[PDB]
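Just one chain is shown here, as structure tokens, and it is the form deposited in one PDB entry.
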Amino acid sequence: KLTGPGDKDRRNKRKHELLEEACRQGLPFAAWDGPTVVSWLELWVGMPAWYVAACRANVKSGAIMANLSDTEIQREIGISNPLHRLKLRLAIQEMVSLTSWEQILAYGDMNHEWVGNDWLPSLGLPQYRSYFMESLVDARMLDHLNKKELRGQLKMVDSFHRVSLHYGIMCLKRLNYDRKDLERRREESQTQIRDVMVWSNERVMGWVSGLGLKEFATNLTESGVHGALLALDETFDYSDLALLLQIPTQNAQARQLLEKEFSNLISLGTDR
């Protein structure tokens, strides 16, 4: 593996120190200069190179950036995608608030790559990864996604899959969007029936397997079944699960077992 410094790392470090200096020095976003907003748009927001180049050519200040209309963002930055514009709007508004570092300059701890590579698969929804990432959906955007964007751009036509997202997001809210806390709580509930609200889809499959229903567990892959759904959706019952596990009605013992274990899971690991 190639070691040491280089042209790319020098360029990145210098871009970063524009960003770090404005932030640490208490410069409000409106007073940021051109190169600083350009660095910010690349490194902290995570926009592709062509938006960044558009910004560099057409947006000379944070004040300008802050006061762009929707139609002006589309014209000056070239952003066609409504969800990419959402991303920018929320980013600007967050930056304005924080500049008036504790704010993590290790940006992207819950950016669209975390949503895509880590979080959506944990909800049993990995088939939506490409659509969410192409719309650059970060954690900050999740609670702002409206029903039209979910249906159309994000291809979530299935109502159960949308319910699954909803309770995934409710879990994030209850955890105050603390990624470390979510990870810790999943690690500390691996081997006991506890804190079901935080369980991944994989963990749920592990639980089904542990019951002696191992040949059915794999059927929850891409099903949208995860712990926050089991804990927060009062309508989701053992028979809904049995169907998603594709347990035959002829396998009556398996269905009775699931009924009893599911009751135990809810009683011991939730507040339902």
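Start at 1 with the first residue shown and count on from there. Shifts are known only where both forms have a C-alpha. Basically, rigid core = biggest C-alpha set you can superpose within 1.5 Å across the two forms.
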In the deposited sequence, how many residues between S100 and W101 have no modelled coordinates (none, 1 to 3, 4 to 9, 10 or more)?
10 or more
Comparing mean C-alpha B factor in the record for 185 to 193 and 163 to 171, the higher one is 185 to 193
Hey, which bit's got the bigger mean C-alpha B factor in the entry, 205 to 213 or 59 to 67?
59 to 67
Tell me, please, which of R129, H112, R89, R75 has the highest C-alpha B factor according to the deposited entry?
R75
Just grab whichever of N117, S135, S200, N146 has the top CA B-factor as deposited.
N146
Third of chain Cα B-factors occupied by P28:
highest
Taking the chain's C-alpha temperature factors as the reference, tell me which third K155 falls into: lowest, middle or highest.
middle
Where does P82 sit by CA temperature factor within its chain: lowest, middle or highest third?
middle
Lowest, middle or highest third: where is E222 by Cα B-factor in its chain?
lowest
Among the chain's modelled residues, which third holds the C-alpha B-factor of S39?
lowest
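One more form of this protein, deposited in another entry, exists but is not displayed; see below.
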With the core lined up, does the C-alpha of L18 move 2 Å or more between the shown form and the other one?
yes
Rigid core fitted, is the C-alpha displacement of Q256 between the shown form and the other one 2 Å or more?
no
In the other entry the CA atoms of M47 and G6, compared with here and shifted by at least 3 Å, lie closer
Requiring every Cα in the run to move by 2 Å or more, and the run to span 3 or more residues, what stretches do you find between the shown form and the other one with the rigid core held fixed?
3 to 20, 23 to 26, 249 to 251
